[PDB]
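Beneath this line is the structure, given in structure tokens, with notes to follow.
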Amino acid sequence: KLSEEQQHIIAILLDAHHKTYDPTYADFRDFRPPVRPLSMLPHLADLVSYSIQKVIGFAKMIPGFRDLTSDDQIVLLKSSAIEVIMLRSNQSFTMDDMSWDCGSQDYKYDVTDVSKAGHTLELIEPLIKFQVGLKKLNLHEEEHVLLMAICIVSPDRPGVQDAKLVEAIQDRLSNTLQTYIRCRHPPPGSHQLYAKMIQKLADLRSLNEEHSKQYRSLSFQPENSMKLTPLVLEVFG
Amino acid sequence: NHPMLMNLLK
Ligand SMILES: [O]C(=O)[C][C][C]OC1=[C][C]=C(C2345B678B9%10%11B6%12%13B96%14B%109%15B%1172B932B437B%1285B%1363C%14%1527C2=[C][C]=C(C([O])(C(F)(F)F)C(F)(F)F)[C]=[C]2)[C]=[C]1
């Protein structure tokens with residue numbers, strides 16, 4: 001049974017997503033232009049920096065997140081940011097040409113664009129496999145926002161001080177997701193769907209690891225760090 | 001050591 005509290009949780013997360021994800025992509029005017037020699041780094045840095053701000057606005061609205069200490073909210077956001085950003089990018093991803101289509105040809109990003117920001121196939125090959133496997137789950141919007149929230153409130157992140165309380169908030173979301181799939185997701189789409197969504201969180205841990213490896217390599221060159229944003233530098237180190 | 005995150009979370 002989907003309890004009143006569980007229906008409440010889903011309504012809040014749906015609204016939180018709608019308030020932090022603009023599918024018209026109107027704010028892309030503010031970013032430095034794409035040029036298609038890490039030519040795409042300024043635009044894609046600006047894209048990530050904006051996405052970080054939106055992920056924080058979403059996180060503050062997760063029920064229970066703001067009962068954590070400041071240090072624990074910060075630990076959870078720094079360690080989850082690139083994972084949530086990859087999850088939230090799935091909305092624009094298209095399997096027609098394996099690209100992120102943000103409403104315009106100028107703002108349509110393929111593997112060649114990502115390599116033009118300094119990243120290699122060690123990241124991009126698994127990233128595309130991930131985007132494809134997630135897209136094939138055909139998540140309900142309700143499932144998509146629960147997954148983003150569960151990703152953020154993870155108790156095994158390093159530096160987490162009050163892991164017992166992080167685990168308590170995450171379990172409320174996981175039981176909400178598990179019960180939602182049983183009551184509202186018709187078969188055969190629902191077959192092993194929760195286990196498949198948890199596997200995507202595992203895939204995201206490996207993608208996180210490789211991202212930071214490549215981030216440390218490119219950001220160790222000051223000529224590249226000059227093209228990043230202050231917020232990207234605070235979050236990714 | 002994280003002023004902008006702290007301000008955004010406030
Ligand atoms: O609308 C709204 O909201 C938004 C829209 C919508 O979503 C969205 C989000 C995101 C995206 C995305 B995809 B590709 B994948 B890759 B690219 B693109 B970007 B990210 B994901 B990842 C990426 C990146 C990483 C990292 C980097 C780095 O690393 C950093 F630093 F930044 F981090 C460099 F360095 F490279 F830059 C960069 C980039 C898209 C989409």
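Identifiers in the structure tokens: chain A, B, ... in order shown; residue index from 1 per chain; ligand index from 1 in order shown.
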Query - Selection as a count of residues only: residues within 7 Å of ligand 1 by only C-alpha atoms and all ligand atoms - result: 31
Requested in this report: Find the residues in chain A near chain B: any atom within 10 Å counts, using only C-alpha atoms. Write them as a ChimeraX atom specification.
Outcome: /A:52-54,56-57,59-60,66,70-71,73-74,77-78,230-231,234-235
Hey, can you spit out that residue selection with C-alpha atoms as a PDB file, in the first residue's frame?
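Result file is result39.pdb:
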ATOM      1  CA  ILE A  52      25.340  21.957  -9.758  1.00  0.00           C
ATOM      2  CA  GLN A  53      23.230  24.938  -8.622  1.00  0.00           C
ATOM      3  CA  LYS A  54      20.044  23.171  -9.731  1.00  0.00           C
ATOM      4  CA  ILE A  56      21.494  21.821  -4.781  1.00  0.00           C
ATOM      5  CA  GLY A  57      18.049  23.410  -5.127  1.00  0.00           C
ATOM      6  CA  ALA A  59      18.485  18.475  -2.694  1.00  0.00           C
ATOM      7  CA  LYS A  60      17.281  21.109  -0.194  1.00  0.00           C
ATOM      8  CA  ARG A  66      17.844  19.736   6.021  1.00  0.00           C
ATOM      9  CA  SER A  70      25.820  21.430   7.336  1.00  0.00           C
ATOM     10  CA  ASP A  71      28.988  19.358   7.047  1.00  0.00           C
ATOM     11  CA  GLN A  73      24.781  18.100   3.613  1.00  0.00           C
ATOM     12  CA  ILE A  74      28.050  19.306   2.077  1.00  0.00           C
ATOM     13  CA  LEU A  77      26.454  16.991  -2.331  1.00  0.00           C
ATOM     14  CA  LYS A  78      30.176  17.003  -3.182  1.00  0.00           C
ATOM     15  CA  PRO A 230      34.593  28.958  -9.035  1.00  0.00           C
ATOM     16  CA  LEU A 231      31.702  26.677  -7.993  1.00  0.00           C
ATOM     17  CA  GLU A 234      34.840  24.176  -4.854  1.00  0.00           C
ATOM     18  CA  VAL A 235      32.781  21.062  -5.554  1.00  0.00           C
TER      19      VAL A 235
END
Find the residues around residue 125 of chain A up to 12 Å (only C-alpha atoms counted), leave out those fewer than 4 positions away in its own chain, and share them as a CSV table (one decimal) with N, CA and C atoms, in the first residue's frame.
chain,number,residue,atom,x,y,z
A,98,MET,N,22.7,8.9,-29.9
A,98,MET,CA,23.6,8.8,-28.7
A,98,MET,C,24.1,10.2,-28.3
A,110,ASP,N,27.5,15.3,-28.4
A,110,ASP,CA,27.9,14.0,-28.7
A,110,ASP,C,29.2,13.6,-28.0
A,111,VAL,N,29.7,12.4,-28.3
A,111,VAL,CA,31.0,12.0,-27.7
A,111,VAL,C,32.1,12.9,-28.1
A,112,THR,N,32.1,13.4,-29.3
A,112,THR,CA,33.2,14.3,-29.8
A,112,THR,C,33.2,15.6,-29.0
A,114,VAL,N,32.2,15.9,-25.8
A,114,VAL,CA,32.7,15.6,-24.5
A,114,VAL,C,34.2,15.5,-24.5
A,115,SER,N,34.8,14.8,-25.6
A,115,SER,CA,36.2,14.7,-25.6
A,115,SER,C,36.9,16.1,-25.8
A,119,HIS,N,37.9,15.0,-21.6
A,119,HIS,CA,37.6,13.6,-21.1
A,119,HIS,C,37.8,12.6,-22.2
A,120,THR,N,38.2,11.4,-21.8
A,120,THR,CA,38.6,10.3,-22.7
A,120,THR,C,37.5,9.2,-22.7
A,121,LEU,N,37.7,8.3,-23.6
A,121,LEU,CA,36.8,7.2,-23.8
A,121,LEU,C,36.7,6.3,-22.5
A,129,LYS,N,27.0,3.8,-22.4
A,129,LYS,CA,26.4,2.6,-22.0
A,129,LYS,C,25.4,2.8,-20.9
A,130,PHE,N,25.7,3.6,-19.9
A,130,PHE,CA,24.9,4.0,-18.7
A,130,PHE,C,23.6,4.7,-19.2
A,131,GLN,N,23.8,5.8,-20.0
A,131,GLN,CA,22.7,6.6,-20.5
A,131,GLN,C,21.7,5.7,-21.3
A,132,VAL,N,22.3,4.7,-22.1
A,132,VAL,CA,21.4,3.8,-22.9
A,132,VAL,C,20.6,2.9,-22.0
A,207,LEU,N,31.5,5.5,-12.5
A,207,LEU,CA,31.6,6.7,-13.3
A,207,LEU,C,32.1,7.9,-12.5
A,210,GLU,N,36.0,7.5,-12.1
A,210,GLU,CA,36.8,7.8,-13.3
A,210,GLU,C,36.7,9.3,-13.6
Query - In segment 18-200 of chain A, DSSP helix (DSSP H, G or I) residues written as a ChimeraX atom specification - result: /A:18-20,26-30,41-59,65-67,70-89,111-115,121-135,141-152,163-184,193-200
Next, the residues of the selection above should be written as a compact mmCIF listing (two decimals), in the first residue's frame with C-alpha atoms.
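New file again_23.txt:
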# COMPACT_ATOMS: atom_id res chain seq x y z
CA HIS A 18 9.96 20.94 -11.96
CA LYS A 19 11.32 23.96 -10.03
CA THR A 20 14.95 22.99 -10.79
CA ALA A 26 16.30 29.11 -21.80
CA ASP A 27 19.28 29.83 -19.49
CA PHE A 28 21.82 28.46 -21.98
CA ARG A 29 22.14 32.06 -23.27
CA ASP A 30 24.24 32.86 -20.20
CA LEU A 41 35.56 23.11 -22.03
CA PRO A 42 34.26 26.69 -21.33
CA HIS A 43 30.70 25.90 -22.45
CA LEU A 44 30.57 22.48 -20.77
CA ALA A 45 32.15 23.83 -17.57
CA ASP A 46 29.42 26.50 -17.52
CA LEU A 47 26.80 23.80 -18.19
CA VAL A 48 28.00 21.69 -15.25
CA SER A 49 28.29 24.72 -12.94
CA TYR A 50 24.63 25.64 -13.62
CA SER A 51 23.58 22.01 -13.17
CA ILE A 52 25.34 21.96 -9.76
CA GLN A 53 23.23 24.94 -8.62
CA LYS A 54 20.04 23.17 -9.73
CA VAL A 55 21.04 19.88 -8.03
CA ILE A 56 21.49 21.82 -4.78
CA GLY A 57 18.05 23.41 -5.13
CA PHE A 58 16.57 19.96 -5.64
CA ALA A 59 18.48 18.48 -2.69
CA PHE A 65 17.77 16.50 4.01
CA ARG A 66 17.84 19.74 6.02
CA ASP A 67 17.74 17.86 9.33
CA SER A 70 25.82 21.43 7.34
CA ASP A 71 28.99 19.36 7.05
CA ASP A 72 26.92 16.24 6.18
CA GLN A 73 24.78 18.10 3.61
CA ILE A 74 28.05 19.31 2.08
CA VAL A 75 29.66 15.85 2.12
CA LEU A 76 26.61 14.34 0.38
CA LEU A 77 26.45 16.99 -2.33
CA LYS A 78 30.18 17.00 -3.18
CA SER A 79 30.30 13.22 -3.50
CA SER A 80 27.00 12.90 -5.44
CA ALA A 81 27.07 15.95 -7.72
CA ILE A 82 28.51 14.39 -10.87
CA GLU A 83 26.31 11.28 -10.41
CA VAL A 84 23.10 13.32 -10.08
CA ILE A 85 24.20 15.47 -13.02
CA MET A 86 24.63 12.35 -15.19
CA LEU A 87 21.22 11.06 -14.03
CA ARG A 88 19.49 14.36 -14.67
CA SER A 89 21.13 14.60 -18.10
CA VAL A 111 30.97 11.96 -27.72
CA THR A 112 33.19 14.29 -29.78
CA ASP A 113 31.96 17.31 -27.78
CA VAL A 114 32.71 15.60 -24.46
CA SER A 115 36.23 14.73 -25.62
CA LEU A 121 36.78 7.16 -23.77
CA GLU A 122 37.66 5.52 -20.41
CA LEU A 123 34.79 7.70 -19.10
CA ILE A 124 32.73 8.28 -22.24
CA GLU A 125 32.28 4.63 -23.30
CA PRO A 126 30.75 3.54 -19.94
CA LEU A 127 28.85 6.82 -19.71
CA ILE A 128 27.03 6.15 -23.01
CA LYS A 129 26.36 2.56 -21.98
CA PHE A 130 24.86 3.96 -18.75
CA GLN A 131 22.69 6.55 -20.53
CA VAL A 132 21.43 3.82 -22.88
CA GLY A 133 20.59 1.36 -20.10
CA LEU A 134 18.86 4.02 -18.02
CA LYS A 135 16.88 5.30 -21.01
CA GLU A 141 8.97 10.72 -13.76
CA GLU A 142 8.13 9.62 -10.19
CA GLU A 143 10.87 6.95 -10.32
CA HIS A 144 13.35 9.37 -11.93
CA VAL A 145 13.09 11.90 -9.09
CA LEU A 146 13.19 9.20 -6.36
CA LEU A 147 16.42 7.83 -7.89
CA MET A 148 18.06 11.25 -7.88
CA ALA A 149 17.07 11.73 -4.22
CA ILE A 150 18.28 8.27 -3.13
CA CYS A 151 21.58 8.96 -4.91
CA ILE A 152 22.08 12.22 -2.96
CA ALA A 163 25.59 7.78 8.84
CA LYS A 164 22.69 6.36 10.90
CA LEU A 165 20.51 9.37 10.10
CA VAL A 166 21.46 9.51 6.41
CA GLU A 167 20.52 5.80 6.22
CA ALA A 168 17.12 6.55 7.89
CA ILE A 169 16.19 9.24 5.35
CA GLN A 170 17.35 7.10 2.44
CA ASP A 171 15.32 4.12 3.66
CA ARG A 172 12.15 6.24 3.64
CA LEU A 173 12.84 7.04 -0.03
CA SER A 174 13.80 3.47 -0.99
CA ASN A 175 10.63 2.03 0.58
CA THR A 176 8.67 4.76 -1.22
CA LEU A 177 10.29 3.72 -4.49
CA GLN A 178 9.88 -0.03 -3.86
CA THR A 179 6.20 0.41 -2.95
CA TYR A 180 5.58 2.81 -5.87
CA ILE A 181 6.83 0.25 -8.41
CA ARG A 182 4.55 -2.49 -7.03
CA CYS A 183 1.42 -0.32 -6.88
CA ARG A 184 1.74 1.94 -9.92
CA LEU A 193 12.92 -2.68 -11.95
CA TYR A 194 14.06 -1.78 -8.42
CA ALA A 195 17.11 -4.05 -8.71
CA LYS A 196 17.86 -2.54 -12.10
CA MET A 197 17.67 1.00 -10.65
CA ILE A 198 19.98 0.07 -7.76
CA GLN A 199 22.43 -1.33 -10.32
CA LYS A 200 22.49 2.13 -11.97
Report task. Rounded to one decimal place, report the atom CA of residue 225 of chain A-atom CA of residue 101 of chain A distance in Å. Result ->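 Calculated distance between atom CA of residue 225 of chain A and atom CA of residue 101 of chain A is 26.5 Å.
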